[PDB]
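*Asks:* Submitted below is the structure of interest, expressed as structure tokens.
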Amino acid sequence: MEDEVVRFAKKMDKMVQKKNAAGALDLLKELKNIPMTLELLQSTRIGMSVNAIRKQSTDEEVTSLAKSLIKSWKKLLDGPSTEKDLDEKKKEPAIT
């Protein structure tokens with residue numbers, strides 16, 4: 001359900017805007033129990049929302065969870081070498 005996933009992303013964005021660390025954590029836990037495909041991640045960049053939460057989060061477990069999510073994404077990509085040595089794209093320090 002892409003529409004449902006989009007709603008979760010929208011809700012996640014609201015949590016980021018409200019800076020609700022607890023809400024974000026609960027959503028992250030839910031994401032851990034709900035499997036996502038690489039295509040879903042590519043179409044829905046929920047990782048960006050998680051990364052945004054990481055920037056506004058000083059909780060180590062939240063940052064660790066975000067890192068785990070990205071590593072999981074890389075495992076799904078099955079090409080961590082290019083992501084790790086990603087230099088074909090310009091990485092911005094912050095996303096406005």
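Residue numbering restarts at 1 in every chain; chains get A, B, ... in the order shown in the structure tokens, and ligands count up from 1 in that same order.
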Taking the DSSP secondary structure from the backbone, can you list the residues of chain A that are alpha helix (DSSP H), as a PyMOL selection string?
*Replies:* chain A and resi 2-18+21-33+38-43+46-55+60-77+80-84
*Asks:* Those residues you just picked out, can you put them in a file as a JSON list (two decimals), in the first residue's frame with C-alpha atoms?
*Replies:*
```json
[["chain", "number", "residue", "atom", "x", "y", "z"],
["A", 2, "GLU", "CA", 1.96, 2.96, -1.33],
["A", 3, "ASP", "CA", -0.81, 5.29, -0.21],
["A", 4, "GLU", "CA", -0.52, 3.96, 3.34],
["A", 5, "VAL", "CA", 3.26, 4.28, 3.21],
["A", 6, "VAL", "CA", 2.93, 7.85, 1.98],
["A", 7, "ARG", "CA", 0.66, 8.63, 4.93],
["A", 8, "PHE", "CA", 3.28, 7.22, 7.30],
["A", 9, "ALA", "CA", 5.90, 9.43, 5.65],
["A", 10, "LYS", "CA", 3.56, 12.40, 6.03],
["A", 11, "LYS", "CA", 2.99, 11.50, 9.67],
["A", 12, "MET", "CA", 6.74, 11.07, 10.12],
["A", 13, "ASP", "CA", 7.27, 14.53, 8.65],
["A", 14, "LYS", "CA", 4.73, 15.92, 11.12],
["A", 15, "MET", "CA", 6.66, 14.27, 13.95],
["A", 16, "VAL", "CA", 9.86, 15.85, 12.64],
["A", 17, "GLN", "CA", 8.17, 19.26, 12.51],
["A", 18, "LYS", "CA", 6.76, 18.87, 16.01],
["A", 21, "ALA", "CA", 11.23, 12.38, 19.66],
["A", 22, "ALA", "CA", 8.94, 9.88, 21.38],
["A", 23, "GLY", "CA", 6.54, 9.81, 18.44],
["A", 24, "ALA", "CA", 9.41, 9.41, 16.01],
["A", 25, "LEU", "CA", 10.84, 6.57, 18.07],
["A", 26, "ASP", "CA", 7.49, 4.77, 18.11],
["A", 27, "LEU", "CA", 7.22, 5.14, 14.34],
["A", 28, "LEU", "CA", 10.76, 3.83, 13.91],
["A", 29, "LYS", "CA", 9.88, 0.78, 16.00],
["A", 30, "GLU", "CA", 6.82, 0.22, 13.83],
["A", 31, "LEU", "CA", 8.99, 0.46, 10.72],
["A", 32, "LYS", "CA", 11.24, -2.23, 12.18],
["A", 33, "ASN", "CA", 8.23, -4.54, 12.42],
["A", 38, "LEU", "CA", 14.12, -1.45, -1.83],
["A", 39, "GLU", "CA", 11.66, -0.25, -4.47],
["A", 40, "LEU", "CA", 9.44, 1.13, -1.73],
["A", 41, "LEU", "CA", 12.42, 2.87, -0.16],
["A", 42, "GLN", "CA", 13.50, 4.26, -3.53],
["A", 43, "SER", "CA", 10.00, 5.51, -4.34],
["A", 46, "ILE", "CA", 11.43, 7.69, 4.20],
["A", 47, "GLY", "CA", 15.14, 7.45, 4.95],
["A", 48, "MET", "CA", 15.39, 11.18, 4.35],
["A", 49, "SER", "CA", 12.74, 11.79, 6.99],
["A", 50, "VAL", "CA", 14.59, 9.48, 9.38],
["A", 51, "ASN", "CA", 17.84, 11.28, 8.61],
["A", 52, "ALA", "CA", 16.10, 14.59, 9.32],
["A", 53, "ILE", "CA", 14.98, 13.18, 12.67],
["A", 54, "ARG", "CA", 18.57, 12.11, 13.33],
["A", 55, "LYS", "CA", 19.77, 15.68, 12.81],
["A", 60, "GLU", "CA", 22.19, 7.89, 20.69],
["A", 61, "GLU", "CA", 19.69, 5.06, 20.22],
["A", 62, "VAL", "CA", 17.84, 7.14, 17.63],
["A", 63, "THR", "CA", 21.04, 7.86, 15.72],
["A", 64, "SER", "CA", 22.04, 4.20, 16.05],
["A", 65, "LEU", "CA", 18.64, 3.17, 14.73],
["A", 66, "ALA", "CA", 19.00, 5.54, 11.78],
["A", 67, "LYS", "CA", 22.43, 4.11, 10.99],
["A", 68, "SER", "CA", 20.99, 0.60, 11.20],
["A", 69, "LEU", "CA", 18.18, 1.59, 8.84],
["A", 70, "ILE", "CA", 20.65, 2.95, 6.29],
["A", 71, "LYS", "CA", 22.82, -0.16, 6.59],
["A", 72, "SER", "CA", 19.69, -2.24, 6.05],
["A", 73, "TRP", "CA", 18.97, -0.16, 2.96],
["A", 74, "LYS", "CA", 22.49, -0.83, 1.70],
["A", 75, "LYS", "CA", 22.02, -4.55, 2.32],
["A", 76, "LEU", "CA", 18.83, -4.38, 0.29],
["A", 77, "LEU", "CA", 20.68, -2.51, -2.45],
["A", 80, "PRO", "CA", 27.37, -1.10, -0.34],
["A", 81, "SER", "CA", 30.67, -0.46, -2.07],
["A", 82, "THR", "CA", 29.19, 2.23, -4.29],
["A", 83, "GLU", "CA", 27.10, 3.72, -1.48],
["A", 84, "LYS", "CA", 30.06, 3.76, 0.90]]
```
*Asks:* Mind pulling up the distance from CA of residue 79 (chain A) to CA of residue 95 (chain A)?
*Replies:* 24.2 Å
*Asks:* So how far away is CA of residue 20 (chain A) from CA of residue 93 (chain A), in Å?
*Replies:*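 Result for CA of residue 93 (chain A) versus CA of residue 20 (chain A): 22.9 Å, one decimal.
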*Asks:* Just give me the gap between CA of residue 58 (chain A) and CA of residue 34 (chain A) in Å, one decimal is fine.
*Replies:*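 About the pair CA of residue 58 (chain A) and CA of residue 34 (chain A): they are 24.8 Å apart.
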